[PDB]
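Asker: let me start by giving you these chains from the complex, positioned as in the assembled structure:
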Amino acid sequence: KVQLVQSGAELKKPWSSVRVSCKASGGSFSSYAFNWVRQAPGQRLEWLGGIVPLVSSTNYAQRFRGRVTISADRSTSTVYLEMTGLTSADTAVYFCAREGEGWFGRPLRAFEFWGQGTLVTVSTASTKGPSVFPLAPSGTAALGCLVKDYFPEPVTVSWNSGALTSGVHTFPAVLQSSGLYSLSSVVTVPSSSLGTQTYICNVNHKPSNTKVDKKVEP
């Protein structure tokens, strides 16, 4: 089975360069073309370029010509994407994708196999863990946590260490004018439980190695 495994998330300041890798396994490597496609948050897919490792032939999208280099290492079955002159407009998930296989080993050209994606964030902001504030409850009551001023994405939230799943909504983060992110997570519960049940939101911000457990009381 063909598998594409990409390198981990990247955080870059403007003007800098980024290098992303994609290791292929479970099939022929050099003969098929590997492509890079990116996707800014909430936006469309955009092709950046491709390479056929056997002959090291490349093909780049016109808009990125001069900023993007794609290369391959046959000994390790790995393709690389390098993008220079980064600005905030380059913040996106970057995907590697390989052409499909056809009958008699003829390349498809359409992108059949995909890596898991690599988030590249470009910003002047520095890595920062969130402050977690309660959204205190007033037959059904709502309560939650405000996960404010963290950078970069992502953060995850659970309630009562996974014991509370029903009625939970964790919202997409917003990017504030400060350059820092903020999100909320809420849950609806019986109002009668407010006097007896403990509610704790568990916040994990891996990029800053920050974890917070926040008790939310009425």
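Answerer: Sure thing, it's come through. Residues are numbered from 1 along each chain as shown, chains lettered A, B, ... in the order given.

Asker: how is chain A divided into domains?
Answerer: Per curated CATH domains, the domain ranges recorded for chain A read A:1-124, A:125-218.

Asker: take those domains and write them to JSON lines, including mean neighbour count.
Answerer: C-beta coordinates here come from the backbone N, C-alpha and C atoms, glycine included. Shown next, in JSON lines, are the domains of chain A (neighbours: other Cβ atoms under 10 Å):
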{"stretch": "domain A:1-124", "mean neighbour count": "16"}
{"stretch": "domain A:125-218", "mean neighbour count": "16"}
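
Asker: relative to residue A:73, how far out is residue A:55?
Answerer: Separation of residue A:55 from residue A:73 (Cβ to Cβ, to the nearest Å): 15 Å.

Asker: now swap in residue A:171 and tell me
Answerer: Separation of residue A:171 from residue A:73 (Cβ to Cβ): 41 Å.

Asker: do residue A:20 as well
Answerer: Applying Cβ to Cβ to residue A:20 and residue A:73 gives a distance of 14 Å.

Asker: what sits in contact with each of these two?
Answerer: Jointly contacting residue A:20 and residue A:73 under the rule Cβ atoms under 8 Å, 6 or more residues apart in numbering are residue A:80.

Asker: center of chain A, which residue is that?
Answerer: With distances taken as Cα atoms, centre = their mean, chain A has residue A:119 as the residue nearest its mean C-alpha position (4.1 Å).

Asker: for it, list the residues it contacts.
Answerer: The contact partners of residue A:119, taken as Cβ under 8 Å, 6+ apart, are A:9-10, A:92-94, A:152-154.

Asker: ok, residue A:142 touching residue A:190?
Answerer: No. With contact defined as Cβ atoms under 8 Å, residue A:142 does not reach residue A:190; the gap is 11.4 Å.

Asker: please verify my assumption that residue A:113 contacts residue A:4.
Answerer: Yes. Residue A:113 is within contact range of residue A:4, at 5.8 Å (criterion: Cβ under 8 Å).

Asker: picking up where we left off before, of the contacts of residue A:119, which pair is most distant in space?
Answerer: For these, the farthest-apart pair by Cβ to Cβ is A:94 and A:154; their separation is 15.3 Å.

Asker: let's put chain B on the structure above:
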Amino acid sequence: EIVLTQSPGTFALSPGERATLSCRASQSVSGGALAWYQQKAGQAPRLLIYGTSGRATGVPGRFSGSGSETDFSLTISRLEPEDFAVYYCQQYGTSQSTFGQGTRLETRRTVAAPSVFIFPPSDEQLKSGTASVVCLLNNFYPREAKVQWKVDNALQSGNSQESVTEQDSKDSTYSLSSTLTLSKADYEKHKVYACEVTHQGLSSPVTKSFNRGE
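Answerer: Let me put chain B in with the others:
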């Protein structure tokens, strides 16, 4: 470059129904080298169709592709719950491959009015010099909703941000969170904080409010 324009942008159907998605190219696509992809939140795209009408391995027969020249279509003959997602077309008939802007296919359901909740800023946050006021609109349909923040009856504009959840897989509703941000100094000068919500399921706007201090 060849520009691909998809239609509709966003539309709603129910499981069991037939979906037809369209992709129009600015120039004829050479050899019908046109592919379709499905993408769900947090996932890489999945190849469904290649070469206009070819179906990828692992793709169910309810997906089919058609078209020629500049007009192409993806048809889902009988929608299943797993089919609600974003769909992209791609032309690869020239060296400069391009994608369409995407079509989001959501689940149609009956109108549901939001349940509205308002949350004052915490005392903890106020110590830091900033006040965040949050308004929650829970479990509504359709997605279109309007939030108006008021501070002592003054309409706030440009000082809030909001986001909306993905459609819930069980009840097909949306929820919305909006945060109004003020300085602590401004927060302490005013009394009535209100979130006014307009939605198709509400015959008149609903306002939730609190008085600072109470």
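
Asker: once more for the contacts of residue A:119, now including chain B?
Answerer: Residues counted as contacts of residue A:119 (Cβ atoms under 8 Å, 6 or more residues apart in numbering or on different chains) are A:9-10, A:92-94, A:152-154.

Asker: which of the residues in stretch B:6-15 are buried?
Answerer: For stretch B:6-15, the neighbour count (16 or more other Cβ atoms under 10 Å in any protein chain shown) marks B:6, B:12-13 as buried.

Asker: quickly check: that stretch near chain A or not.
Answerer: No. Against chain A, stretch B:6-15 shows no contacts by Cβ under 8 Å from any Cβ of the partner chain, the least distance being 9.2 Å.

Asker: and for that stretch, what's in contact with it?
Answerer: For stretch B:6-15, the external contacting residues (Cβ under 8 Å, 6+ apart) are B:19, B:21-24, B:79-81, B:87-89, B:100-109, B:142.

Asker: ok, and which of those residues reach chain A?
Answerer: Filtering the contacts of stretch B:6-15 for proximity to chain A (criterion: Cβ under 8 Å from any Cβ) leaves B:88, B:100-102.

Asker: tell me the buried residues within the contacts of stretch B:6-15.
Answerer: B:19, B:21-24, B:79, B:87-89, B:100-107, B:142.

Asker: quick one: which of those sit in strands?
Answerer: B:19, B:21-24, B:87-89, B:103-107 (DSSP state E).

Asker: so where do the helices sit in chain B?
Answerer: With helices called from DSSP state H, chain B shows them at B:123-126, B:184-187.

Asker: which parts of the last one are buried?
Answerer: Translated: helix B:184-187. Using 16+ other Cβ under 10 Å as the test for burial, helix B:184-187 gives residue B:187.

Asker: how about that helix, does it reach chain A?
Answerer: No. Helix B:184-187 stays clear of chain A (Cβ under 8 Å from any Cβ), getting no nearer than 13.2 Å.

Asker: list the helices and strands that helix packs on?
Answerer: Using 3 or more Cβ pairs under 8 Å, 6 or more residues apart in numbering or on different chains; DSSP states H and E, the elements in contact with helix B:184-187 are strand B:130-140.

Asker: tell me how chain B divides into domains.
Answerer: Following curated CATH domains, one gets these domains for chain B: B:1-109, B:110-214.
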